[PDB]
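Reading through the structure tokens given below for one structure.
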Amino acid sequence: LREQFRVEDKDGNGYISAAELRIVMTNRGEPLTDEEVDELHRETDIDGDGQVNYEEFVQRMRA
Ligand SMILES: O=[N+]([O-])c1ccc2[nH]nnc2c1
Ligand SMILES: [Ca+2]
Ligand SMILES: [Ca+2]
Ligand SMILES: [Ca+2]
Ligand SMILES: [Ca+2]
């Protein structure tokens with residue numbers, strides 16, 4: 001979890017941004033358009049501030 005968050009947190013600012021997540025999904029070859037990743041990010045973003053923080057990320061991985 002910790003290690004995975006750091007991978008996706010490209011700029012190391014303690015958040016996964018939507019753009020960072022789009023880079024992650026593109027690097028993994030996930031069958032999702034950019035728009036669908038934006039929706040995935042938005043759903044993961046519990047507090048709605050535009051960033052996926054570590055707590056929201058762990059709650060994601062619990063799915
Ligand atoms: O932040 N995310 O919305 C999110 C969602 C699914 C993921 N799978 N692997 N990393 C992920 C990140
Ligand atoms: Ca970041
Ligand atoms: Ca949200
Ligand atoms: Ca919060
Ligand atoms: Ca958030």
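For the structure tokens, the naming scheme is as follows: chains receive sequential letters (A, B, ...) according to their order of presentation, residues are indexed from 1 within each chain, and ligands are indexed from 1 in presentation order.
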
- Query: Residues of chain A in helix (DSSP H, G or I) according to DSSP, as a PyMOL selection string?
  - Reply: chain A and resi 2-8+18-27+34-44+54-61

Keeping only N, CA, C and O atoms, write those residues as a compact mmCIF listing (two decimals), in the first residue's frame.
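The resulting file, result15.txt, is shown below:
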```
# COMPACT_ATOMS: atom_id res chain seq x y z
N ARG A 2 1.69 1.41 1.04
CA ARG A 2 2.61 2.54 1.10
C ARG A 2 3.46 2.63 -0.16
O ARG A 2 3.55 3.69 -0.79
N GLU A 3 4.10 1.52 -0.53
CA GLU A 3 4.97 1.53 -1.71
C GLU A 3 4.19 1.85 -2.97
O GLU A 3 4.67 2.58 -3.84
N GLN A 4 2.98 1.31 -3.09
CA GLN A 4 2.16 1.56 -4.27
C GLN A 4 1.77 3.03 -4.36
O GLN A 4 1.85 3.64 -5.44
N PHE A 5 1.34 3.62 -3.24
CA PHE A 5 0.99 5.04 -3.24
C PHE A 5 2.16 5.89 -3.73
O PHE A 5 1.98 6.80 -4.55
N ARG A 6 3.38 5.59 -3.26
CA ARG A 6 4.54 6.38 -3.67
C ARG A 6 4.80 6.26 -5.16
O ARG A 6 5.21 7.23 -5.80
N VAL A 7 4.59 5.07 -5.72
CA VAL A 7 4.75 4.88 -7.16
C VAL A 7 3.85 5.84 -7.93
O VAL A 7 4.29 6.53 -8.85
N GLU A 8 2.57 5.88 -7.55
CA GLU A 8 1.59 6.68 -8.29
C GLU A 8 1.74 8.16 -7.98
O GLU A 8 1.50 9.00 -8.85
N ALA A 18 -5.45 13.52 -10.39
CA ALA A 18 -6.10 12.87 -11.53
C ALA A 18 -5.10 12.65 -12.66
O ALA A 18 -5.07 11.57 -13.26
N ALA A 19 -4.26 13.65 -12.94
CA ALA A 19 -3.26 13.51 -14.00
C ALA A 19 -2.25 12.42 -13.68
O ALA A 19 -1.84 11.66 -14.57
N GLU A 20 -1.82 12.33 -12.43
CA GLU A 20 -0.92 11.25 -12.04
C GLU A 20 -1.59 9.89 -12.25
O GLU A 20 -0.95 8.94 -12.74
N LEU A 21 -2.86 9.77 -11.87
CA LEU A 21 -3.56 8.50 -12.05
C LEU A 21 -3.70 8.16 -13.53
O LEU A 21 -3.61 6.98 -13.91
N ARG A 22 -3.90 9.17 -14.38
CA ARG A 22 -4.00 8.88 -15.81
C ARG A 22 -2.68 8.32 -16.33
O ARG A 22 -2.67 7.36 -17.11
N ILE A 23 -1.56 8.88 -15.86
CA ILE A 23 -0.23 8.36 -16.21
C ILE A 23 -0.07 6.92 -15.73
O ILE A 23 0.45 6.06 -16.46
N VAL A 24 -0.51 6.63 -14.50
CA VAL A 24 -0.41 5.29 -13.94
C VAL A 24 -1.18 4.29 -14.79
O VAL A 24 -0.66 3.23 -15.18
N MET A 25 -2.46 4.59 -15.08
CA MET A 25 -3.29 3.67 -15.85
C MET A 25 -2.76 3.49 -17.26
O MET A 25 -2.83 2.39 -17.82
N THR A 26 -2.21 4.55 -17.85
CA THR A 26 -1.62 4.43 -19.18
C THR A 26 -0.36 3.57 -19.15
O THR A 26 -0.13 2.77 -20.06
N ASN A 27 0.44 3.71 -18.10
CA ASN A 27 1.66 2.91 -17.98
C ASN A 27 1.35 1.43 -17.77
O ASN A 27 2.14 0.57 -18.19
N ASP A 34 -9.16 8.02 -20.69
CA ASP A 34 -8.80 9.07 -19.75
C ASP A 34 -10.02 9.53 -18.95
O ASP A 34 -9.96 9.64 -17.73
N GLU A 35 -11.15 9.72 -19.64
CA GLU A 35 -12.38 10.17 -18.97
C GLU A 35 -12.82 9.20 -17.88
O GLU A 35 -13.30 9.62 -16.81
N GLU A 36 -12.71 7.89 -18.13
CA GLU A 36 -13.12 6.90 -17.15
C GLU A 36 -12.19 6.88 -15.95
O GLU A 36 -12.63 6.71 -14.81
N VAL A 37 -10.90 7.08 -16.18
CA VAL A 37 -9.96 7.22 -15.07
C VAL A 37 -10.32 8.46 -14.23
O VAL A 37 -10.33 8.40 -13.00
N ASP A 38 -10.65 9.57 -14.89
CA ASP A 38 -11.10 10.75 -14.15
C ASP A 38 -12.30 10.44 -13.25
O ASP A 38 -12.39 10.96 -12.13
N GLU A 39 -13.23 9.61 -13.72
CA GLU A 39 -14.36 9.22 -12.88
C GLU A 39 -13.92 8.31 -11.75
O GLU A 39 -14.36 8.48 -10.61
N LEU A 40 -13.06 7.34 -12.04
CA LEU A 40 -12.49 6.50 -11.00
C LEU A 40 -11.79 7.34 -9.94
O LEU A 40 -12.01 7.14 -8.74
N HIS A 41 -10.96 8.29 -10.37
CA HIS A 41 -10.29 9.18 -9.42
C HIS A 41 -11.30 9.95 -8.59
O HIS A 41 -11.18 10.04 -7.36
N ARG A 42 -12.32 10.51 -9.24
CA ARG A 42 -13.31 11.31 -8.53
C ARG A 42 -14.05 10.50 -7.48
O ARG A 42 -14.31 10.99 -6.38
N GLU A 43 -14.39 9.24 -7.80
CA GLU A 43 -15.06 8.37 -6.83
C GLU A 43 -14.15 8.04 -5.65
O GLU A 43 -14.59 8.00 -4.50
N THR A 44 -12.87 7.79 -5.93
CA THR A 44 -11.92 7.51 -4.86
C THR A 44 -11.72 8.72 -3.95
O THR A 44 -11.35 8.57 -2.78
N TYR A 54 -3.66 9.37 1.05
CA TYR A 54 -3.36 7.98 1.39
C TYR A 54 -4.58 7.25 1.97
O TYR A 54 -4.85 6.09 1.62
N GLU A 55 -5.34 7.91 2.85
CA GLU A 55 -6.52 7.26 3.42
C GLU A 55 -7.52 6.87 2.35
O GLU A 55 -8.04 5.74 2.34
N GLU A 56 -7.83 7.79 1.43
CA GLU A 56 -8.75 7.48 0.34
C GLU A 56 -8.23 6.35 -0.54
O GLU A 56 -9.00 5.50 -1.00
N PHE A 57 -6.91 6.31 -0.75
CA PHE A 57 -6.29 5.26 -1.56
C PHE A 57 -6.44 3.88 -0.92
O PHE A 57 -6.80 2.91 -1.59
N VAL A 58 -6.17 3.78 0.39
CA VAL A 58 -6.33 2.50 1.08
C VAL A 58 -7.78 2.04 1.01
O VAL A 58 -8.06 0.84 0.83
N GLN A 59 -8.71 2.97 1.15
CA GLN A 59 -10.12 2.62 1.04
C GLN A 59 -10.46 2.14 -0.37
O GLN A 59 -11.31 1.25 -0.55
N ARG A 60 -9.81 2.73 -1.37
CA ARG A 60 -9.92 2.22 -2.74
C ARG A 60 -9.51 0.76 -2.81
O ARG A 60 -10.29 -0.10 -3.23
N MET A 61 -8.27 0.46 -2.40
CA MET A 61 -7.71 -0.88 -2.52
C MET A 61 -8.53 -1.93 -1.76
O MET A 61 -8.45 -3.12 -2.09
```

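Taking only chain A, the residues that DSSP calls strand (DSSP E) from the backbone come to residues 16, 17, 51 and 52 of chain A.
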
Could you write out the selected residues, including C-alpha atoms, as an mmCIF file, in the first residue's frame?
```cif
data_model
loop_
_atom_site.group_PDB
_atom_site.id
_atom_site.type_symbol
_atom_site.label_atom_id
_atom_site.label_comp_id
_atom_site.auth_asym_id
_atom_site.auth_seq_id
_atom_site.Cartn_x
_atom_site.Cartn_y
_atom_site.Cartn_z
ATOM 1 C CA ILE A 16 -2.452 11.177 -6.164
ATOM 2 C CA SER A 17 -3.802 13.722 -8.632
ATOM 3 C CA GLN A 51 -6.702 14.802 -4.636
ATOM 4 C CA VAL A 52 -6.561 11.166 -3.580
#
```

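Using only C-alpha atoms and all ligand atoms, residues with at least one atom at most 7 Å away from any atom of ligand 5 are residues 45, 46, 47, 48, 49, 50, 51, 52, 53 and 56 of chain A.
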
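Nearest residue to ligand 2 among A:62, A:9, A:33, A:28 is A:9, counting only C-alpha atoms and all ligand atoms.
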